[PDB]
Amino acid sequence: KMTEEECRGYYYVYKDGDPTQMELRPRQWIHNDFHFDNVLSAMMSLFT
Amino acid sequence: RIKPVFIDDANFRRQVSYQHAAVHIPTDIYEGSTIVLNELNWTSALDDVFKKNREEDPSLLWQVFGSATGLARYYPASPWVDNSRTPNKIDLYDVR
Amino acid sequence: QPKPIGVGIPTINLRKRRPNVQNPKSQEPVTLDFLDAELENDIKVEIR
Amino acid sequence: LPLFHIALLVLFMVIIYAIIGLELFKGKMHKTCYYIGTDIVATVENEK
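Protein chains in written order, with my numbering: chain A, 1 to 48; chain B, 101 to 196; chain C, 201 to 248; chain D, 301 to 348.
Below is the structure:
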C-alpha cells in the first residue's frame, strides 16, 4: 500500500515465511525515525 | 452499523434476521474505500428483492450477491462463522 | 456424506507447527463419482 | 614495517583472549527456549 489512504485496515504477516502460518496485524502509515523533513531533522539524520 | 435482532430459525440451524441483508468483506480489504463504499450504496437496493423472493417462496435458503470487489451481500442476515480477530481464529474467505 | 473427499494418506508434522497460527482448512467440493459410491460391475459402468 | 611489533602484539592478545574465552564459555550458549513440543525458537518482534 503506497498511500496514507490505502494503509488502513488489517493485513497478514507470515511467520518464517510460511504461507500456512499467518497472523493479523493492523496496518499503519509510519514515518521513519530519522528523516529529512526540515533542516533540524536532516541535521540529526546526518549526525547519525 | 446496524444492530439486528437475530431471531432463531429453522432451515438455518443458526440465528437469522429477515429484516435486512448481511455484508461480508474479506479481512484484508478495508471497509471504507471509495470502491467499497460505492458498492455498499447501490447494492443496498437488493434487500427488497431478497425479501420479495423469500416471501414468495418461504422454502428459500441463502441468496447471495458476490461482488468483483470482494463484497458478499447475503440474505437473510446472519453473523459470520469466524470473526477475524475478535476471537483468535481468523477467516480467509474471498467470494472470488 | 457431509465429509470432504480425501486424497492420499495424511501426514502431519508436530515439530513444525506454532500453537496460534490459524492454519487454513479446505475449500473443495464433495465430488464423489457414481462408481466410487457403490461396488463396480461392468453393467454399472454402462448404466452410468 | 614499523607496525610489526604492534601486529605481533595484536596477534598474541587475540590468541590469549581466544583461549580465555575457550576456557570460560566453551559449550554454554547451546540452550534456548523453543515452543513446547516443537523445534521452533520462540522470540519476540525485534528480538534475535
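All residues carry an ideal CB built from backbone N, CA and C; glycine is no exception.
Quick one, which of the options has its alpha-carbon nearest residue i's?
i	options	result
B/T186	A/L24, A/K15, A/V13	A/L24
B/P176	B/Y118, B/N111, B/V164	B/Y118
C/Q201	C/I209, C/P219, C/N220, C/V230	C/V230
B/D194	B/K151, B/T169, B/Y174, B/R113	B/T169
A/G9	A/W29, A/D16, A/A42	A/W29
C/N213	D/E347, D/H330, D/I340	D/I340
B/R196	B/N188, B/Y130, B/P126, B/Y174	B/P126
B/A122	B/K152, B/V164, B/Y174	B/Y174
Taking only the alpha-carbon atoms, compute the straight-line gap between residue i and residue j and give it to the nearest angstrom.
i	j	result
B/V149	C/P224	35 Å
A/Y11	B/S184	11 Å
B/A172	D/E345	35 Å
D/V310	D/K326	23 Å
B/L161	B/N111	7 Å
B/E139	B/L146	12 Å
C/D242	C/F234	13 Å
D/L322	D/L308	21 Å
B/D191	C/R215	25 Å
B/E155	C/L232	35 Å
B/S144	A/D16	42 Å
B/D182	C/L239	40 Å
A/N38	A/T48	16 Å
A/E4	B/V136	17 Å
B/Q163	C/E228	21 Å
C/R248	A/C7	55 Å
A/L40	A/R27	29 Å
B/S167	D/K331	52 Å
C/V207	D/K348	40 Å
residue 198 of chain B	D/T343	The requested residue 198 of chain B is not part of the displayed model; chain B covers only 101 to 196.
What do you reckon, are the CB atoms on residue i and residue j nearer than 8 Å?
i	j	result
A/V13	A/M22	yes
A/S45	A/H35	yes
B/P104	B/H120	yes
B/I107	B/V116	yes
D/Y334	C/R218	no
C/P204	C/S226	yes
B/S159	B/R114	no
B/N188	C/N220	yes
Counting contacts by CB-CB distance shorter than 8 Å, is residue i in contact with chain G?
i	result
C/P224	Considering every chain present, this structure includes no chain G. Its protein chains are A, B, C and D.
key: Interface residues of the segment 209–221 of chain C facing chain B [CB-CB below 8 Å]   = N220
inquiry  = Which runs of the alpha helix (DSSP H) at least 4 residues long sit entirely within the segment 121–177 of chain B? Give them in chain order.
reply    = If you keep only unbroken alpha helix (DSSP H) runs of at least 4 residues inside the segment 121–177 of chain B, you get 139–142, 147–156.
The segment 110–141 of chain B: positions lying closer than 8 Å to chain A by Cβ = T127, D128, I129, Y130, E131, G132
message = Short of 8 Å Cβ to Cβ, which residues in the segment 179–190 of chain B face chain C?
response = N188, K189, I190
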